[PDB]
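In: build me a structure from this.
(4 chains)
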Amino acid sequence: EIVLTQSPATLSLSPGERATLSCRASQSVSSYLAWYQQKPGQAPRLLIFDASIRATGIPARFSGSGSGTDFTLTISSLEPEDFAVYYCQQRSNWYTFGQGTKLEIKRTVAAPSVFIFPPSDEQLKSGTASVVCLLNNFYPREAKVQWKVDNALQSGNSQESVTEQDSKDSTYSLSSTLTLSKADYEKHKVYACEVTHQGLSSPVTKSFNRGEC
Amino acid sequence: XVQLXXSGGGXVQXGXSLXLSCXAXXXXXXXXXXXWXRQXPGXXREXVXXXXXXXXXXXXXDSXXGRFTXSXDXXXXXXXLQXXXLXXXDXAXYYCXXXXXXXXXXXXXXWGXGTXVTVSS
Amino acid sequence: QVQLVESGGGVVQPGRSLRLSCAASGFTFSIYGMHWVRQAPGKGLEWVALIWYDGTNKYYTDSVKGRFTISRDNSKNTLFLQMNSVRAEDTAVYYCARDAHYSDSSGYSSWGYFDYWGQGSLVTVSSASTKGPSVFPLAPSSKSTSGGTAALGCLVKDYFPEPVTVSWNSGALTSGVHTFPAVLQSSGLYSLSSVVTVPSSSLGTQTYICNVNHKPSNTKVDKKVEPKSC
Amino acid sequence: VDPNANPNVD
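Out: Residues are numbered from 1 along each chain as shown, chains lettered A, B, ... in the order given. Here you go, the structure:
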């Protein structure tokens, strides 16, 4: 099978700027390459096929080039409707897709505000403790969340989810949930979430003591 | 802080008529122009019509002139698109938007979720 | 005028069958090859199957071969995917797509791309049973205050299937709300949180209630979120 | 046995 590798994973740009997306094939696909655009919750849309032919109804600012193993999609002047995920696809040998490049709206840096929530007494009585850490309204997307329980670093027992860029302010927010049994939760006192982000000069930790809330 | 809720779409025979509605919540729309756009599969969003404030008129795209008409019910915070003499080429998702610029430069900051119109058979 | 309207998605238990439908209008269905392509939650696109305009040839990706069947009824302008022996890894939005049958006045011919797509149909393959969420407060305290802003919220845990909706104060509080995408837990049930930031000075006087709706189980829960002293 | 053959009329 022909593997398509797209780069960069994420491209952070502003309206008006030129965007250049790459797609590399593990072996020649001649000119049998297409590009697609996909927004959240929507089907993909064909932009370019046979490496350089623009589809009907696609704006002229989109153009494709390349042959063999290296391909480029260029947007000469990015516009707001172009922030989306872009995929390449080949039909030289069966049908494979790249793993996508997200074109996101650049804005200024905003460090996250950090908030921690204890498990509720109601949940505890039922047998489980969820501890939640919130990273609110930050940009860029990269951040690290570390959980510590009685000063010991946790792993394997948390899950994260992140919002899409906010429609008004283009920030992200992130939730991390740490899950323990009630028995394990009552073995420890201090529950802490430690957050790093390029906007923060030092890590921000928020913590509470079990049974002080 | 504004929500726009579209309704009225559906399947219609060529030559027939429907009326779309765009209902606003959380801002009195009386002071703002409200506009209709449409997006056929695979294409860019295209202008259809705008109703400015009452007595400042309505303006239309070439593609719908003489067939579609926009109107307002300010008391119910809703705008409408009456669509007559429908053709297969009118098949698209129809969107409404508020122009937040009361001087009508088109700062479209709030959008409806879209309603599908299909003209077939 | 091209439309592709899919139907037939939903929840299916492992090992069972489900048929998807894709009804075409606005083009000459019977002269186009048709494909199915799928997208698992948070993943990329994967070609599934292809059928010729006249139904004579059919091709499948290896992981569905012998379990899925592609077919079409040109008299009804409909494309079908019959999914048998389903597995959790089949969970995905399934799209039908028209083969980009391109030609020009120069005889140049091209194909094997996807020029129009259905809206997508979600198929969730899971042994989980329908279950509403347990709703718990995310109580505000000094440890959820930053500056003069406090955060509070509701954790909406252990439900199936998606989706759930959350509102605040019966819809009167919308500024500053973030409702996170659900995560699938190792148990096979989903969980998400909904948070809001508010002025910290309002914690003593303003009552904050989250309103949670899970339509598949008919769950409706109003949960008061009261402050704590962490 | 060619999955990339033209699946359309022409």
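In: which residue packs closest to residue A:124, ignoring adjacent ones?
Out: residue A:182 (5.5 Å; C-beta to C-beta, 6 or more residues apart in numbering or on different chains). C-beta here means a position set from N, CA and C on the backbone, and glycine is covered the same way.
In: next: residue C:33.
Out: Closest to residue C:33 by C-beta to C-beta, 6+ apart is residue D:7, at 2.7 Å.
In: what separation do you get for the one you found and residue A:41?
Out: Distance, residue D:7 to residue A:41, by C-beta to C-beta, to the nearest Å: 29 Å.
In: can you check residue C:142 too?
Out: Separation of residue C:142 from residue A:41 (C-beta to C-beta): 38 Å.
In: repeat that for residue A:29.
Out: 30 Å.
In: again, but for residue B:96
Out: The value you get for residue B:96 to residue A:41, if C-beta to C-beta is used, is 19 Å.
In: of these two, who's got more company?
Out: Between residue B:96 and residue A:41, counted using other C-beta atoms under 10 Å in any protein chain shown, residue B:96 has the larger neighbour count: 31 against 9.
In: need the three-state assignment for the more buried one.
Out: strand (DSSP: H, G, I helix; E, B strand; the rest coil).
In: that one reaches residue B:112, doesn't it?
Out: Yes. Counting by C-beta atoms under 8 Å, residue B:96 touches residue B:112, with 4.4 Å between them.
In: list the contacts for residue 97?
Out: In the absence of a named chain, chain A is used. A:4, A:87, A:88, A:89, C:44, C:45, C:46, C:47 (C-beta atoms under 8 Å, 6 or more residues apart in numbering or on different chains).
In: ah, no, chain C please
Out: So residue C:97 contacts C:4, C:34, C:35, C:36, C:37, C:114, C:115, C:116, C:117, C:118 (C-beta under 8 Å, 6+ apart).
In: you'd agree it is in a strand?
Out: Yes. Counting by three-state DSSP, residue C:97 is part of a strand.
In: tell me the bridge partners for the closest residue to it other than its chain neighbours.
Out: Leaving aside its chain neighbours, residue C:97 sits nearest to residue C:114 (3.8 Å; criterion: C-beta to C-beta, 6+ apart). With DSSP bridges as the criterion, residue C:114 is bridged to residue C:99.
In: list the contacts of whatever helix or strand residue C:48 lives in.
Out: Assigned by DSSP states H and E, residue C:48 belongs to strand C:45-51. Strand C:45-51 is contacted from outside by A:36, A:38, A:44, A:87, A:89, A:94-97, C:33-40, C:57-61, C:64, C:68, C:70-72, C:79, C:81, C:92, C:94, C:99, D:3, D:7, using C-beta under 8 Å, 6+ apart.
In: would you mind writing the CA trace of that strand as PDB?
Out: The C-alpha trace of strand C:45-51 is given here as PDB (Å, rounded to 0.1, in the frame of the first residue of the first chain):
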ATOM      1  CA  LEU C  45     -10.500   9.100   6.200                       C
ATOM      2  CA  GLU C  46     -10.500   5.400   5.100                       C
ATOM      3  CA  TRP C  47     -11.800   4.100   1.800                       C
ATOM      4  CA  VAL C  48     -14.200   1.200   2.300                       C
ATOM      5  CA  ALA C  49     -15.700   0.000  -1.000                       C
ATOM      6  CA  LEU C  50     -16.600   0.800  -4.600                       C
ATOM      7  CA  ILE C  51     -19.300  -0.300  -7.100                       C
END
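In: ok, the residue nearest to residue A:103 when sequence neighbours are not counted - contacts?
Out: What sits nearest to residue A:103 in space, not counting adjacent residues and going by C-beta to C-beta, 6+ apart, is residue A:11, at 5.0 Å. Residue A:11 makes contact with A:19, A:21, A:101, A:102, A:103, A:104, according to C-beta under 8 Å, 6+ apart.
In: pretty sure the last one is in a strand, no?
Out: Yes. The secondary structure assignment for residue A:104 places it in a strand, going by three-state DSSP.
In: which of the contacts of strand C:45-51 fall in strands?
Out: A:36, A:38, A:87, A:89, A:96-97, C:34-39, C:58-60, C:68, C:70-72, C:79, C:81, C:92, C:94, C:99 (DSSP state E).
In: narrow the residues you listed to those that are buried.
Out: Neighbour-count burial (16 or more other C-beta atoms under 10 Å in any protein chain shown) applied to the ones in strands among the contacts of strand C:45-51 gives A:36, A:38, A:87, A:89, A:96-97, C:34-39, C:59-60, C:68, C:70, C:72, C:79, C:81, C:92, C:94, C:99.
In: surely the residue nearest to residue C:97 touches residue A:49?
Out: No. Look at residue C:114 against residue A:49 with C-beta under 8 Å: they stay out of range, at 9.3 Å.
In: between the two, what contacts are shared?
Out: A:34, C:100.
In: with adjacent residues omitted, what lies nearest to residue 10?
Out: Since you didn't name a chain, this refers to chain A. residue A:102 (4.8 Å).
In: ah, no, chain D please
Out: residue C:103 (6.5 Å).
In: distance check, the nearest residue in space to residue A:95 that is not next to it in sequence against residue C:67.
Out: Counting by C-beta to C-beta, 6+ apart, residue A:95 lies nearest to residue C:47, which is 3.6 Å off, once chain neighbours are set aside. According to C-beta to C-beta, residue C:47 stands 16 Å off from residue C:67.
In: those two - which one has more neighbours?
Out: residue C:47 (21 against 15).
In: who does that one form a beta bridge with?
Out: Going by DSSP bridges, residue C:47 forms beta bridges with residue C:37.
In: quickly find the element holding residue C:157.
Out: strand C:149-159.
In: that strand near chain A anywhere?
Out: Yes. Against chain A, strand C:149-159 shows contacts by C-beta under 8 Å from any C-beta of the partner chain at C:149, C:151, C:153, C:155, C:157.
In: swap in stretch B:114-121?
Out: No. Stretch B:114-121 is not in contact with chain A by C-beta under 8 Å from any C-beta; minimum separation 10.4 Å.
In: buried residues, that stretch. List them.
Out: Of all the residues in stretch B:114-121, those buried under the rule 16+ other C-beta under 10 Å are B:114, B:115, B:117, B:118, B:119.
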